[PDB]
Amino acid sequence: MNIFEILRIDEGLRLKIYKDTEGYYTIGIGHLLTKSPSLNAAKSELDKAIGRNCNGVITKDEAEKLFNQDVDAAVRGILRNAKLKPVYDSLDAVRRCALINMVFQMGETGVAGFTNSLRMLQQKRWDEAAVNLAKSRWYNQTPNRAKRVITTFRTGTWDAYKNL
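Per the PDB record, this model was obtained through X-ray crystallography at a reported resolution of 1.8 Å.

Sheet analysis places strand 1 (residues 14-19) next to strand 2 (residues 25-28), joined by three bridges and oriented antiparallel. Considered in strand 2, the bridge of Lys19 is made with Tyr25. Counted between consecutive antiparallel strands, the loop separating strand 1 from strand 2 contains five residues, among which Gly23 sits at a positive phi close to 90°. Alignment of strand 2 against strand 3 (residues 31-34), held across three bridges, turns out to be antiparallel. For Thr26, the partnering residue across the bridge sits in strand 3 and is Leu32.

Mapped onto the present numbering, the UniProt feature "binding site: substrate" falls at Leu32, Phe104, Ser117 and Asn132. A maximum C-alpha distance of 27.3 Å shows the annotated residues, which cover 101 residues in sequence, to be distributed over more than one spot. As for the annotated residues, the ones lining the largest pocket are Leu32 and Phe104. Take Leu32: it is sitting in strand 3. Judged by relative accessible area, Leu32 falls into the partly exposed class, the value being 35%.

Thresholds applied
- Residues numbered from 1 in each chain as written, not as in the entry; some residues may be left out.
- Heavy atoms only, no water.
- Pairing = 2+ DSSP bridges.
- Helix = DSSP H or I, 4+ residues; strand = E, 2+ residues; numbered from the N terminus.
- UniProt positions renumbered as here; feature names shortened; annotations may be inferred.
- 1 Å grid on protein atoms, 1.4 Å probe; cavity = no way out; pocket = protein on both sides within 12 Å on 5 of 7 lines; lining within 4 Å.
- Buried < 20%, exposed > 50% of the residue type's maximum accessible area, 1.4 Å probe, protein only.

This is the structure:
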């Protein structure tokens, strides 16, 4: 299983503008368009992102294009972040997917803020980090998805997504 597949599972795929779990305008595979309340603002950002007049709808290919860009961006962001890079470099390949998934969801800034948990991952105290990570707004808001990432960090396997 790879990052693309895991994220495709956690975000879904929507070809029309929709509101994410926080009420923000999104399209494709978790591609945030805007945090503004205006649909026009969103359709505007949409057309700018795709390079065409979309009228709030895109194609599968266009979604996949945004998705590759976003994943790429997440990785790069991890690599350039002083708090994140060291954690990421210390981890195994599976666990690296878990960190990227959180960053894709919440931004580098948001993740860089889990100081305690990051330290614990770095030290490879899996159980402790899993408990610490659960004590967050992230977990309370999106519990099922959070459990999937968390078990991934805890077990170092893809079992949580093997059901799915």
